[PDB]
């Protein structure tokens, strides 16, 4: 009537054998899970990482949050200990419902969440924690440093220890050298009743994996990747303010929106309650949002498999059309892998090779086009040495790497090869093509990959 809960997303209970390799397991479930955008994974009963912290020494700066549907919020960047936050959080829930926190049914919190965000008269504000690990507040998984217990040491090298999964081999984001802290490092999330994460997809349409270490559940809504644009069109119509051009990455606007509203407009939505000890995985370009049932502690990280590579290229194309800033250069990542073809996982090498072939053909065509526009002069340029904000296309903000156009008249400015007309009013013979590699450099790099893939 008031709120109809979306159907449940798939839940997987892998055996220890199925579970041991996270990449093999994700690949196995992908045909099912990519149809629902999110899925939940219950680890084998044996898999039980140790969770030990002193709640009095873990400190973090809280973020404040208003809870009104369709209202704009900014993507995340006063002090609590984990204890005082927990005490504030439990008191809030307990007072809000006049009940002990666990006797409040999840069904009811969900129902109440969607009531209160729609009602303009209710001005509920809540607080939460969000940041990468620091010496003030570290990962909930064991990391090396302090003598570890035997239980802790068992989980140091687990493929599901989220600290590892970036730097594992079947991960592609691994040997990106350009350190992109916000995306190779796990984030830590301290939740309280109703604290929520707005609808979004991950940077570069990557996967994410989310672990609830302890506390009350996290409630999720998820939309399959194939319906991303449907969802966006629904949001444009009902909340156009979110779609105004933003000056940078730290200004992305996001919002709370009832899944029933999406379901009404024929966007498939699924839900789950994630409990302590469970994983949620989000698939490429799968929109998701949710809220916490109460006091809890989660940890999440982006990652990119070989399955993702073509989507990663499509995403950067999509960012260009939108004039959205990139977190990293996709081509730069591809070439870095090519330059390391000998030490690459062989299935990885095979997949990179295919993306690289497309990259080279597109680049060949683009260079021919700008030559026909009268750009004649050229010089090699090591783009990877430039700070990102010193190599963005003036027009579409894409991070340049394969090539760019400069002009002596606008010193320091670049455009990508799609935007040659947008740099300045000088005649194109005054322009230079700056390029990382010649085509003659590129084909041997691709050959090393092919040999490695055999």
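Positions refer to the first chain, counted from 1.
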property	result
Unresolved deposited residues in the interval that joins residue 237 and residue 238	none
Absent coordinates between residue 145 and residue 146 - deposited residues affected, binned into four classes	1 to 3
Residue range whose averaged C-alpha B-factor is higher in the record, 399-407 or 23-31	23-31
176-184 versus 125-133 - which carries the larger mean C-alpha B factor in the record	176-184
C-alpha B-factor winner, where the candidates are 169, 331, 203, 355	169
Most elevated Cα B-factor in the entry, residues 390, 422, 69, 46	46
Ranked against its chain, the third holding the CA B-factor of residue 39	middle
Residue 12, C-alpha B-factor rank within chain (lowest, middle or highest third)	middle
Cα B factor band for residue 259 (lowest, middle or highest third within the chain)	lowest
Third of the chain's Cα B-factor distribution that residue 208 belongs to, per the entry	lowest
Ranked against its chain, the third holding the CA B-factor of residue 270	lowest
